[PDB]
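The chain contents come next:
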Amino acid sequence: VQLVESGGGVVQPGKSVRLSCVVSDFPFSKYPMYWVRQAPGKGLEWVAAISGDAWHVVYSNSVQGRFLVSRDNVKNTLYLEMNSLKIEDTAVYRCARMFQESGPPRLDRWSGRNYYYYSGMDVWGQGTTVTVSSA
Amino acid sequence: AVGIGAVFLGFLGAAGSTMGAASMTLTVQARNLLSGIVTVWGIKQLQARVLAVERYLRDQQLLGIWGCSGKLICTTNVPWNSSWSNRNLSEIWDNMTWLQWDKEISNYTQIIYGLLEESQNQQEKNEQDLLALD
Amino acid sequence: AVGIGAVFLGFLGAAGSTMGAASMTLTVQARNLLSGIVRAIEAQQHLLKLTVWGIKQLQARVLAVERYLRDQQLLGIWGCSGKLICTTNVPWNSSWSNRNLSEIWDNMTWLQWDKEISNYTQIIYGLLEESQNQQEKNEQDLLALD
Amino acid sequence: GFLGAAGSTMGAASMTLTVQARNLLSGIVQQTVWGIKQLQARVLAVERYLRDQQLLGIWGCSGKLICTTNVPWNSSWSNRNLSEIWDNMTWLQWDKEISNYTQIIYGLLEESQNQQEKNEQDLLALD
Amino acid sequence: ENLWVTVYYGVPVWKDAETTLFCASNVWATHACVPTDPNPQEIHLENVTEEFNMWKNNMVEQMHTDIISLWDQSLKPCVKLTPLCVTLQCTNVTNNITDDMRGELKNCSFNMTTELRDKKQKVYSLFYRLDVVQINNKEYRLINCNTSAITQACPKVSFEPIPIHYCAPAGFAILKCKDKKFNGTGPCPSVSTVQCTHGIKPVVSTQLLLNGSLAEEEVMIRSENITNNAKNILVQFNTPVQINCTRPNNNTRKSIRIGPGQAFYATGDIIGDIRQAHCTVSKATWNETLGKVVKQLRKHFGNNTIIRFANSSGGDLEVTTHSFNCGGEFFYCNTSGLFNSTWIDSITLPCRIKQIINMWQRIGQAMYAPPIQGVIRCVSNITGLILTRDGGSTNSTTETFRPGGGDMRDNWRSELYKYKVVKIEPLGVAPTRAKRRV
Amino acid sequence: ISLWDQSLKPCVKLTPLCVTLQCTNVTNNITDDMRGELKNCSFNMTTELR
Amino acid sequence: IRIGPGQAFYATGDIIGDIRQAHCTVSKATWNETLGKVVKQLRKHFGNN
Amino acid sequence: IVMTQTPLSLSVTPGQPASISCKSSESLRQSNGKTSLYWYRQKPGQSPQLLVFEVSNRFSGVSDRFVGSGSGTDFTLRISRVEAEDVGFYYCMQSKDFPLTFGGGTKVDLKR
Ligand SMILES: *[C@@H]1O[C@H](CO[C@@H]2O[C@@H](C)[C@@H](O)[C@@H](O)[C@@H]2O)[C@@H](O[C@@H]2O[C@H](CO)[C@@H](O[C@@H]3O[C@H](CO[C@H]4O[C@H](CO)[C@@H](O)[C@H](O)[C@@H]4O[C@@H]4O[C@H](CO)[C@@H](O)[C@H](O)[C@H]4NC(C)=O)[C@@H](O)[C@H](O[C@H]4O[C@H](CO)[C@@H](O[C@@H]5O[C@H](CO)[C@@H](O)[C@H](O)[C@H]5NC(C)=O)[C@H](O)[C@@H]4O[C@@H]4O[C@H](CO)[C@@H](O[C@@H]5O[C@H](CO)[C@H](O)[C@H](O)[C@H]5O)[C@H](O)[C@H]4NC(C)=O)[C@@H]3O)[C@H](O)[C@H]2NC(C)=O)[C@H](O)[C@H]1NC(C)=O
Ligand SMILES: *[C@@H]1O[C@H](CO[C@@H]2O[C@@H](C)[C@@H](O)[C@@H](O)[C@@H]2O)[C@@H](O[C@@H]2O[C@H](CO)[C@@H](O[C@@H]3O[C@H](CO[C@H]4O[C@H](CO[C@@H]5O[C@H](CO)[C@@H](O[C@@H]6O[C@H](CO)[C@H](O)[C@H](O)[C@H]6O)[C@H](O)[C@H]5NC(C)=O)[C@@H](O)[C@H](O)[C@@H]4O[C@@H]4O[C@H](CO)[C@@H](O[C@@H]5O[C@H](CO)[C@H](O)[C@H](O)[C@H]5O)[C@H](O)[C@H]4NC(C)=O)[C@@H](O)[C@H](O[C@H]4O[C@H](CO)[C@@H](O)[C@H](O)[C@@H]4O)[C@@H]3O)[C@H](O)[C@H]2NC(C)=O)[C@H](O)[C@H]1NC(C)=O
Ligand SMILES: *[C@@H]1O[C@H](CO)[C@@H](O[C@@H]2O[C@H](CO)[C@@H](O[C@@H]3O[C@H](CO[C@H]4O[C@H](CO)[C@@H](O)[C@H](O[C@H]5O[C@H](CO)[C@@H](O)[C@H](O)[C@@H]5O)[C@@H]4O)[C@@H](O)[C@H](O[C@H]4O[C@H](CO)[C@@H](O)[C@H](O)[C@@H]4O[C@H]4O[C@H](CO)[C@@H](O)[C@H](O)[C@@H]4O)[C@@H]3O)[C@H](O)[C@H]2NC(C)=O)[C@H](O)[C@H]1NC(C)=O
Ligand SMILES: *[C@@H]1O[C@H](CO)[C@@H](O[C@@H]2O[C@H](CO)[C@@H](O[C@@H]3O[C@H](CO)[C@@H](O)[C@H](O)[C@@H]3O)[C@H](O)[C@H]2NC(C)=O)[C@H](O)[C@H]1NC(C)=O
Ligand SMILES: *[C@@H]1O[C@H](CO)[C@@H](O[C@@H]2O[C@H](CO)[C@@H](O)[C@H](O)[C@H]2NC(C)=O)[C@H](O)[C@H]1NC(C)=O
Ligand SMILES: *[C@@H]1O[C@H](CO)[C@@H](O[C@@H]2O[C@H](CO)[C@@H](O)[C@H](O)[C@H]2NC(C)=O)[C@H](O)[C@H]1NC(C)=O
Ligand SMILES: *[C@@H]1O[C@H](CO)[C@@H](O[C@@H]2O[C@H](CO)[C@@H](O)[C@H](O)[C@H]2NC(C)=O)[C@H](O)[C@H]1NC(C)=O
Ligand SMILES: *[C@@H]1O[C@H](CO)[C@@H](O[C@@H]2O[C@H](CO)[C@@H](O)[C@H](O)[C@H]2NC(C)=O)[C@H](O)[C@H]1NC(C)=O
Ligand SMILES: *[C@@H]1O[C@H](CO)[C@@H](O[C@@H]2O[C@H](CO)[C@@H](O)[C@H](O)[C@H]2NC(C)=O)[C@H](O)[C@H]1NC(C)=O
Ligand SMILES: *[C@@H]1O[C@H](CO)[C@@H](O)[C@H](O)[C@H]1NC(C)=O
Ligand SMILES: *[C@@H]1O[C@H](CO)[C@@H](O)[C@H](O)[C@H]1NC(C)=O
Ligand SMILES: *[C@@H]1O[C@H](CO)[C@@H](O)[C@H](O)[C@H]1NC(C)=O
Ligand SMILES: *[C@@H]1O[C@H](CO)[C@@H](O)[C@H](O)[C@H]1NC(C)=O
Ligand SMILES: *[C@@H]1O[C@H](CO)[C@@H](O)[C@H](O)[C@H]1NC(C)=O
Ligand SMILES: *[C@@H]1O[C@H](CO)[C@@H](O)[C@H](O)[C@H]1NC(C)=O
Ligand SMILES: *[C@@H]1O[C@H](CO)[C@@H](O)[C@H](O)[C@H]1NC(C)=O
Ligand SMILES: *[C@@H]1O[C@H](CO)[C@@H](O)[C@H](O)[C@H]1NC(C)=O
Ligand SMILES: *[C@@H]1O[C@H](CO)[C@@H](O)[C@H](O)[C@H]1NC(C)=O
């Protein structure tokens, strides 16, 4: 299946960018997408995740107050934004997909509260890296 | 691995609101009267289920004997007696919750029940068969 | 220091009365199919778990509930649910009696009438079920032409 | 017949359901270790019948068996055209095509029942 | 356009779940259950297909639980027998004997107490050597004494199997296939719905299917994975096969007090010459039916391999010989003669009897039966067999088949294979173009 | 209390233990603060044979 | 040890090595700080001095 | 919710079974009726590839040497027939609660 991770670069602190991620070969309106993070010479790290129908969103413990992510179901295209950067935020940024097909929401008859369900991943693309630098 | 997406009202959420405004959430309670399942332990399970059945049938029987069965809120033809309270129609609907009104009238219950039963029987059903013949 | 006062109709208050007049205490008479003890029963409702005796009380309560369901459901089969009385469309068979109404409605009681008509039962049930079926849905389907 | 309309199209078995309805208007009519099971069986039967009668009685549909209501059908649940449904699909297939959105449909019927039908009736009563 | 929704009532909907079933109409049965109904009730339908998964429906499991519970319900007001593990001095009997029954009966005398705490008494009776083990003239004990203790059977309530219907509660249904050539599983194309089942007789059997049902067309063979030997093989016949079994000897029984309200049933003196109890079947119908079985085997097998029969694997006496419940008593009959045949007027079936009976694999119980005075016959049918398959052959030569399967569950799978419990939901919704007139 | 009673039903009654105990003290490689606690005692008792 | 028909008993064997004394062990200063907080709340309702 | 790998890393030789653990810090018995532990491996300079989901359930299109094991107390792995293609880093991953967490690192190579 086709899944690319565009958007490398290099910046000083205090910027604002836009990131893209092109998908194919699945019915895009059904699936959830994540955003993982790999520091250089290190392990992995989770950042953010958007809902299937593009209405619910969660972040990591760090950037709650920085980021913004949005889904285009029409163009089948992910848009990510990272603002007010730091040089120590340099890592590998990848755009990967949950394995398990989620379904519709559930509405309990006890104070409503529509619930969602998530699980882990299967497919990773190649990747990209923006090194926030100084000079 | 979940999220929360609240849309509708809470179970007994409107209890701290005013009567004329909290009258619009009456569905949720009757929606949630006969669920929860949705040696000694099964014994008391069946005990609980039987108790729930008994109270629900009791209140539906009290609905059915009156001419206000099946549907929700309705009217009658019993004029109000002012020997019970004497408010001027704004202090109740705009300035009073339900527990307050319940503590105000919890001595006059059975008389009101009996008089509604009286007007439901009398001049409604024999009167019907009077109207069922020229 | 307990003193008694004003009165009402009461339970079984018209069993020896004229049927045309005794026809109006149906409410109080019919309330007590599921009660009669309308009083701290809940403690013995709780702790009787390890014996046959609360099991038999459970038998009794479930049986009473089922009897109420049988009566209300059989009325619900007919198109007279949720009411006290209803008229219908089965013509009376005058083979069953030819007394005038002025004796039944004035000088006859209910247990007398029970001992009179006690064999015509299931015929009446079948005819009422027939008129609640025939043209009550068939011509009603023909009355569903809008 | 007792569940006679099984292998039919929904639009095909759309007329003779009243005979099914009268035939499904029975079950209690025409009447130790095992007795415990019998008690539990009776409990289950009572609970299911009361569940159905409650869910009928909350809505405005508790009289006749088919009825109408005031909810516009949203196209997010299904997308199939009308004749496509009524002439090319059974009940079970429609069931598996709708058995995720059911609770929302219930709640919308409930709110349509409460709103604009009883307090609106209450304002209509005042002359 | 304007599309609004109608709620429908009374719509046929299957749901695939499982609930608890219901009694119908002696130790097994009750002196009080619900009476049956004389009228059948079954509606054939069409254009409905569904796969009915055998080996999975816990109706077998419910029946298993209920039968063991009623079996334990039986021996509750019966009497303990814990003073019976006293030591046994014994001697031999050599009087009115046929030479094939030598050394079986044991004349054993022992002390045993009366209802007085001060008073015991000399007590002697006749036992089977099969139930008596050696401690060390030479003195013996019973087999049960370093394991579970034992009770006396309450000798009033019989053992005869009764047809038992099962039924479902209201709002439920039972589905039933109609394929005469139905497999173990697979999508059955023909649907029949009933409210209650047929009569079922719960016979304990260890090697055969006594008093079972009959297949319609021919012999049919049941297992899941034929290539593996981890499963058993279920084989049903087409026509029944007669078998007689009897006890020849003139049985007598005395009665010895134990304590207050306690009376043990020991062995009385037997009058007459003693022979071996045994059984007898035909041979020609047996040969014909085995020819039918050899014909039916080679469809899913090598059509030109060799089929051989042999004795079973040996070991436990529970799985060695065929066991059953004729005459209110349990018989141990080896059937090694029936399987002395390879492929490519009567038959003598000698038997064994035990007085002390260990039931199901739970070793925490022990059951004892008293002798029944007199002479007992027993006649029964034969309806099907349980087989296994070996492993290690060199490419479809020398196939040996053996019977096994010490479980009562497959005995009830072999009946309830047709059945599956379906929940009913009579409430549905659908959209339309109609409107709601206020 | 009900569940704790439900536990202790099927187990073994210990009636043949109320007998006389011929005893002796414990010696072998003991800390002196633990002197007095443990005791080696013996008695007669029946087996599964009566 | 078997004692009866279907009855057995569990008797104590022997011990390797020493015969020691069971005991418990806690911290010390957290106990002191805990009781300090306790008497801080205790002076709010009785005589403080 | 934290999670640790156990042990750190190991050099292996062919003709040998393998077993790699990942110690939990909670028990993650899902209300669906299972536990959310996944494994997936990467290779140097490359992307990760999914090893095993459903605790003990091999991923589609994977050789039979890869299965799963363990319950909510702690977990292991199971690899027979050690081959040079099976080198890289193996990570265990929590997928029960936010935020997610990851296994540290398992260096796997041959022996000199
Ligand atoms: C409703 O809802 C529901 C749910 O919900 C429920 O209910 C409700 C009531 C509530 O309650 C809630 O809560 C609950 O939950 C829903 O459901 C859903 O569904 C879906 C469907 O759609 C699903 O999904 C799926 O999934 C899967 C997985 O999972 C499964 O499996 C497992 C194991 O087996 C299990 O466990 C699970 O469970 C599942 O199963 C199932 O389940 C169900 C549920 O219940 C049941 O029913 C059933 O029965 C079961 N079954 C069984 C058998 O078991 C996954 O996997 C999948 O995915 C896949 O598939 C798809 C389809 O096919 C695909 O896609 C495709 O792609 C391709 C490519 O090329 C193309 O071509 C095509 O076209 C497409 N198609 C489409 C349609 O789109 C995808 O992609 C996938 O595929 C795959 O992929 C992969 C990748 O990777 C691959 O692999 C590869 O391979 C190679 C070779 O081999 C190499 O090796 C490499 O390396 C690799 O990688 C593969 O191959 C492929 N495959 C193939 C075959 O090829 C699906 O998605 C889900 O799950 C569900 N859910 C849940 C939760 O579960 C519903 O829907 C709703 N609705 C209605 C109407 O109903
Ligand atoms: C039919 O049906 C359908 C369906 O339904 C569905 O389904 C079903 C089954 C069930 O489930 C149900 O429930 C559902 O719903 C329907 O549909 C529907 O509808 C409705 C109406 O009608 C709707 O509602 C709505 O909603 C909304 C929401 O919103 C959100 O968001 C917002 C913002 O927005 C954003 O913006 C930004 C900027 O621009 C963007 O970004 C961008 O993007 C682009 C593109 O995209 C690019 O990419 C770039 O790059 C970037 O930058 C984005 O995107 C956007 N987004 C979106 C989504 O849009 C805000 O403002 C709001 O607020 C919201 O928010 C949200 O919220 C939530 C809740 O809260 C949250 O969550 C959270 O989470 C956390 C974590 O956990 C915690 O949990 C918390 O607690 C929570 O809270 C989230 O986060 C958030 N997010 C965000 C992003 O923010 C709204 O808005 C709207 O409103 C509007 O309007 C109004 C009028 O008046 C106004 O007023 C206002 O203001 C506004 O404007 C509405 O409400 C819904 O949604 C739907 N659904 C869906 C799914 O969608 C229908 O309707 C039917 N039919 C009929 C006829 O009816
Ligand atoms: C597969 O299915 C088949 C088909 O059912 C089974 O075959 C059945 O097998 C059982 C035994 O397993 C047979 O039942 C027993 O048959 C005994 C035969 O006795 C004959 O002689 C006596 C005189 O001594 C006659 O009275 C009998 O009369 C019987 O028949 C007539 C006419 O049909 C009836 O009117 C009678 O009522 C009898 O039914 C026979 O001719 C029979 O003695 C025995 O009955 C005893 O046990 C019952 C238990 O409750 C007592 O009620 C009964 O009174 C007898 O008990 C007396 O004797 C004992 C001691 O011997 C005392 O302890 C008692 O207190 C009492 O004094 C029982 O009926 C059955 O006949 C047979 N079926 C057929 C059709 O022949 C297979 O077994 C089965 N396969 C397996 C493996 O089980
Ligand atoms: C059921 O149990 C065993 C196993 O089939 C049967 O015993 C077998 O009986 C035959 C017939 O005599 C024995 O054949 C011959 O026996 C003598 C002495 O045993 C031996 O010297 C010969 O060489 C030949 O083997 C066979 O050995 C014997 N097998 C065993 C394992 O004992 C038994 O007869 C059957 N039960 C009944 C009641 O028939
Ligand atoms: C039954 O009990 C009696 C004692 O009341 C036993 O009689 C004597 O027992 C002793 C020791 O047991 C022997 O030395 C004697 O030889 C016995 N005498 C006689 C006449 O028997 C008797 O042995 C016991 N019998 C059994 C079978 O237990
Ligand atoms: C109860 O009885 C005897 C002990 O007296 C045990 O019988 C042993 O059985 C095995 C195999 O059947 C033989 O190899 C031994 O030689 C037997 N021992 C004796 C002394 O005969 C029997 O196993 C005991 N039961 C249990 C459960 O331990
Ligand atoms: C039935 O059991 C057989 C073994 O008797 C299973 O056969 C295995 O098949 C796989 C792939 O086809 C082989 O890799 C194994 O070696 C086989 N097992 C053995 C012991 O050789 C078979 O999977 C089972 N299930 C069916 C046929 O559905
Ligand atoms: C099946 O039965 C046969 C005979 O009925 C058993 O064969 C005997 O086995 C014993 C034990 O080694 C030998 O001493 C005899 O010589 C054999 N006799 C014959 C005629 O073969 C056979 O052992 C039984 N099968 C098993 C597994 O025990
Ligand atoms: C255990 O049994 C023995 C056996 O009889 C008893 O001890 C006997 O006591 C008598 C009376 O003092 C002596 O004459 C015997 O020499 C004793 N025998 C032995 C072996 O001690 C007594 O019932 C029990 N003894 C103990 C110590 O428990
Ligand atoms: C109610 O009426 C009385 C007199 O009729 C008046 O004095 C009083 O203020 C009124 N109160 C309200 C709340 O209207
Ligand atoms: C019978 O009852 C009626 C009313 O219930 C009463 O008027 C009448 O007096 C009673 N008969 C006698 C003899 O008292
Ligand atoms: C009914 O009244 C009429 C009118 O007087 C009379 O002719 C008839 O005989 C009466 N019948 C009975 C049964 O009283
Ligand atoms: C009933 O009362 C009326 C009027 O008093 C009388 O005419 C009639 O004969 C009475 N019935 C009987 C059976 O006496
Ligand atoms: C209506 O149904 C026809 C086939 O029955 C289909 O071709 C058409 O696209 C449908 N149109 C809409 C608007 O659903
Ligand atoms: C019929 O049963 C056999 C034995 O398991 C096997 O071929 C298969 O399970 C069944 N056949 C089909 C076509 O399902
Ligand atoms: C078997 O029993 C039946 C009935 O008792 C009898 O007719 C038949 O002759 C018997 N056969 C043999 C071989 O004993
Ligand atoms: C060989 O087996 C096939 C079935 O696979 C069968 O049709 C054929 O008759 C067999 N051959 C012989 C000679 O029986
Ligand atoms: C005790 O003294 C403290 C400060 O020394 C003071 O805050 C508190 O009010 C006093 N309480 C009493 C009961 O004297």
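Under the PDB entry, chain H has the name Immunoglobulin G PGT151, Light chain and belongs to Homo sapiens.

Under the PDB entry, the name given to chain F is Envelope glycoprotein gp160, and the organism recorded is Human immunodeficiency virus 1.

Student: So what exactly am I meant to see when it comes to the overall build of chain F here?
Tutor: Summing up its helical and strand segments, chain F has one helix and two strands in all. Ordered by position in the sequence, the α and β elements of chain F form the string α-β-β. Along the three orthogonal principal directions, the C-alpha set of chain F runs to about 45 × 35 × 15 Å. Taking all 50 residues of chain F together, 4% fall into the buried category. If you average the places of the 5 positive and of the 5 negative side-chain charges in chain F, the two averages end up 12 Å apart.

Student: Where do I start with the overall build of chain H in this structure?
Tutor: Looking only at helices and strands, chain H has zero helices and nine strands in total. In terms of overall dimensions, chain H is globule-like: its C-alpha atoms have a radius of gyration of 14 Å, near the 13 Å expected for 112 residues. Referenced to the eigenvectors of the C-alpha coordinate spread, the extents of chain H come out at roughly 45 × 25 × 25 Å. The proportion of buried residues among the 112 residues of chain H is 44%.

Student: Would you take a moment to explain helix α2 (residues 284-297) of chain E for this structure?
Tutor: For an α-helix, 3.6 residues make a turn, and residues three or four places apart therefore share a direction. Residues and elements named next belong to chain E. With 14 residues, α2 should cover 20 Å at 1.5 Å per step; its first-to-last C-alpha distance of 20 Å lies within 8% of that length. Taken as a whole, α2 has its buried residues at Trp286, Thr289, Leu290, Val293, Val294, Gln296 and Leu297. In an axial view of α2, the angular spread of the buried residues amounts to 165 degrees, which keeps them on one side of the axis. Exposed side of α2, more than 90 degrees from the buried face: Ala284 and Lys295 are the residues found there. Buried-residue contacts for α2 involve β15 (220-222), β20 (278-282), β21 (307-309), β24 (346-353) and β29 (399-402).

Student: What's the story with the interface of chain E and chain D in this structure? I'm lost.
Tutor: Quite often, the size of an interface is put as the accessible area lost when its parts meet. Each partner contributes to the interface: chain E provides 44 residues, whereas chain D provides 37 residues. Summing the contributions of chain E and of chain D, the shared interface buries around 4200 Å²; its carbon and sulfur component is 69%. It is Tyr9(E), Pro12(E) and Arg436(E) that lose the most area in chain E upon contact with chain D, and together they represent 16% of the buried surface on that side. Here chain E and chain D share four salt bridges between them. Two residues, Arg436(E) and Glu117(D), come together in a salt bridge whose shortest N-O distance is 3.6 Å. Put simply, chain E and chain D have six residue pairs in polar contact between them. The set of elements that each furnish at least two residues to the side of chain E that touches chain D consists of β1 (4-9), β2 (14-16), α1 (59-74), β30 (419-424) and β31 (427-432) of chain E. Partitioned by chemical class, the residues of the side of chain E that touches chain D number 27 nonpolar, eight polar and nine charged.

Student: Can you help me understand the packing of aromatic side chains in this one?
Tutor: Each aromatic ring pair is described using two quantities: the centre-to-centre distance and the angle formed by the ring planes. Counting across every chain of the model gives 24 aromatic pairs over all chains. Relative to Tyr31(A), the ring of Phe26(A) has its centre 5.4 Å away and its plane inclined at 10 degrees; by these criteria the two rings are stacked. On the basis of relative accessible area, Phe26(A) is assigned to the buried category, the value being 16%. Plain terms: the ring middles of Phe264(E) and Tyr368(E) are 5.7 Å apart, the flat faces sit at 25 degrees to each other, and that makes the pair stacked. Given a relative accessible area of 5%, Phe264(E) falls into the buried group.

Student: How do you make sense of the interface of chain D and chain B when you look at a structure like this?
Tutor: Taken together, the contact pairs 15 residues of chain D with 19 residues of chain B. In this assembly, chain D and chain B are joined by two salt bridges. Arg31(B) is the partner of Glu110(D) in a salt bridge, and the nearest nitrogen-oxygen pair spans 3.5 Å. Our enumeration of links across chain D and chain B arrives at four residue pairs in polar contact. If you list the elements that add at least two residues to the side of chain D that touches chain B, you get α2 (33-58) and α5 (102-114) of chain D.

Student: Teacher, can you tell me more about the site of ligand 16 here?
Tutor: Residues and elements named next belong to chain E. In the region of ligand 16, the neighbouring residues are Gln242, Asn244 and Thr280. Within the side chain of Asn244, one N or O atom sits 2.4 Å away from an oxygen atom of ligand 16. Alone, ligand 16 offers 360 Å² of accessible surface; in the complex the protein occludes 37% of this.

Student: Is there a simple way to explain the pattern of salt bridges in this structure?
Tutor: Oppositely charged side chains are able to pair whenever their charged atoms sit close together. Evaluated as defined, the whole model comprises 31 salt bridges over all chains. Here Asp95(D) and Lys15(E) are joined by a salt bridge, their closest N and O atoms 3.2 Å apart. With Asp95(D) in helix α4 (residues 91-98) and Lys15(E) in strand β2, this residue pair bridges two chains. Classification of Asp95(D) as buried rests on a relative accessible area of 18%. The shortest N-O distance in the salt bridge between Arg102(E) and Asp99(E) comes to 3.1 Å.

Student: I'm lost on the nonpolar core in this one. Help?
Tutor: Most often, soluble globular proteins keep nonpolar side chains buried together rather than apart. If you look at the biggest cluster of nonpolar residues, it comprises 34 residues, and the most contacted ones within it are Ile243(E), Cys279(E), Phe324(E) and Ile382(E). Where this core is concerned, the elements lending two or more residues are β16 (233-236), β17 (243-247), β20, α2, β21, β23 (331-333), β24 and β28 (384-389) of chain E. At five residues, the largest contribution of residues to this core is made by α2(E). Setting aside anything within four residues of it in sequence, one finds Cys279(E) in contact with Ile243(E), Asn244(E), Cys245(E), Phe324(E), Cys333(E), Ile347(E), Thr348(E), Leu349(E) and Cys351(E). Listed in part, the 24 residues of the second largest apolar core include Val11(A), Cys21(A), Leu85(A) and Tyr93(A).

Student: Just checking my understanding: could you explain the sheet that holds strand β12 (residues 172-177) of chain E for this structure?
Tutor: Neighbouring strands of a sheet are bound in pairs by backbone hydrogen bonds; such pairs are parallel or else antiparallel. Residues and elements named next belong to chain E. Read from one edge of the open sheet, five strands run β2-β30-β12-β14-β3, paired in antiparallel fashion. With partners counted over all chains shown, the strands left at the sheet margins are β2 and β3 (42-44), one partner each. Each neighbouring strand pair of the sheet contributes to a mean axis angle of 40 degrees, computed without reference to strand direction. Strand direction decides the pairing type here: β12 and strand β14 (residues 191-194), joined by four bridges, are antiparallel. Residue pairing in the sheet places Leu175 in a bridge with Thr193 of β14.

Student: Looking at this model, I keep getting lost on the arrangement of the chains. Mind explaining?
Tutor: Counting contacts across all 12 pairs of chains that touch, the top pair turns out to be chains D and E. Across the gap from chain D to chain G, with no contact made, the nearest C-alpha atoms are 28 Å apart.

Student: Whenever I open this one, the sheet that holds strand β11 (residues 151-152) of chain E confuses me. Can you help?
Tutor: Spatial strand order, β5-β11-β26-β25 (chain E): four strands in an open sheet with mixed pairing. Every other strand in the sheet has two partners, leaving β5 (79-80) and β25 (356-357) of chain E as the edge strands with one partner each.

Student: What am I meant to see in the environment of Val438(E) here?
Tutor: Of note, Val438(E) is situated in the segment after β31. For the pair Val438(E) and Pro370(E), spaced 68 residues apart in the sequence, the C-alpha separation amounts to 81 Å.

Student: I tried to follow the packing of helix α4 (residues 52-77) of chain C against α2(D) on my own but got confused; where do I start?
Tutor: Packed helices, taken two at a time, are described by the angle their axes make and the gap between the axes. As a packed pair, α4(C) and α2(D) sit with axes 11 Å apart at the nearest point and diverge in direction by 40 degrees. The angle between the axes of α4(C) and α2(D) places the two elements in the oblique class. At the point where α4(C) passes α2(D), the crossing takes the left-handed sense. For the pair formed by α4(C) and α2(D), the contact residues are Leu58(C), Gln59(C), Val62(C), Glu66(C), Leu69(C) and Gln73(C) on the first element and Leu39(D), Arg42(D), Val46(D) and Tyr49(D) on the second. A breakdown of the residues in the contact of α4(C) with α2(D) according to their chemical character gives six nonpolar, two polar and two charged.

Student: I'm lost on the environment of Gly7(A) in this one. Help?
Tutor: Residue and element names in this part refer to chain A. Mapped onto the secondary structure, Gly7 falls in the segment before β1 (9-11). Sequence separation of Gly7 and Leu19 is 12 residues, and the distance between their C-alpha atoms is 5.9 Å. When residues no more than four places from it in sequence are discounted, the contact partners of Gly7 are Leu19, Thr128 and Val130.

Student: Could you clarify how one ought to interpret the pairing of strand β6 (residues 88-92) of chain E in this entry?
Tutor: Within a regular strand, side chains alternate between the sheet's two faces. With two bridges connecting them, β6(E) and strand β10 (residues 139-142) of chain E associate as antiparallel partners. Residue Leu88(E) lies in a different strand from β10(E), and its bridge partner there is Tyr140(E).

Student: Would you mind going over the pairing of β20(E) with me for this structure?
Tutor: Residues and elements named next belong to chain E. Pairing of β17 with β20 involves four bridges; the strand directions are antiparallel. Within β20, the position partnered with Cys245 by the bridge is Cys279. Note that β20 and β24 share five bridges and pair antiparallel. Paired with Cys279 across the bridge in β24 is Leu349.

Cut-offs and rules
Residues numbered from 1 in each chain as written, not as in the entry; some residues may be left out. Chains lettered and ligands numbered in written order. Part of a larger assembly, values for the part shown. Heavy atoms only, no water. Helix = DSSP H or I, 4+ residues; strand = E, 2+ residues; numbered from the N terminus. Buried < 20%, exposed > 50% of the residue type's maximum accessible area, 1.4 Å probe, protein only. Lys, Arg positive; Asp, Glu negative; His and termini not counted. Charge placed at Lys NZ, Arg CZ, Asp CG, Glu CD. Rg over C-alpha atoms; globule rule 2.2 N^0.38 Å. Expected span 1.5 Å × (residues − 1). Arc of directions from axis to C-beta. Contact = heavy atoms within 4.5 Å. Buried area = accessible area lost by both parts, 1.4 Å probe. Salt bridge = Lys/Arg side-chain N within 4 Å of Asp/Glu carboxyl O. Polar contact = N/O pair within 3.5 Å; in protein donor to acceptor, adjacent residues only side chain to side chain. Nonpolar A, V, L, I, M, F, W, Y, C, P; charged D, E, K, R; others polar. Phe/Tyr/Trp six-rings, centres within 6.5 Å; stacked < 30°, edge-to-face > 60°. Near = heavy atom within 4 Å. Areas by Shrake-Rupley, 256 points an atom, 1.4 Å probe, with all protein chains shown as cover. Core = buried A, V, L, I, M, F, W, Y, C linked by side-chain atoms within 4.5 Å. Pairing = 2+ DSSP bridges. Axes fitted to C-alpha atoms, helices over the stretch in contact; angles between N-to-C directions. Parallel < 35°, antiparallel > 145°, perpendicular 65-115°, else oblique. Left-handed = near helix turned anticlockwise from the far one by under 90°.

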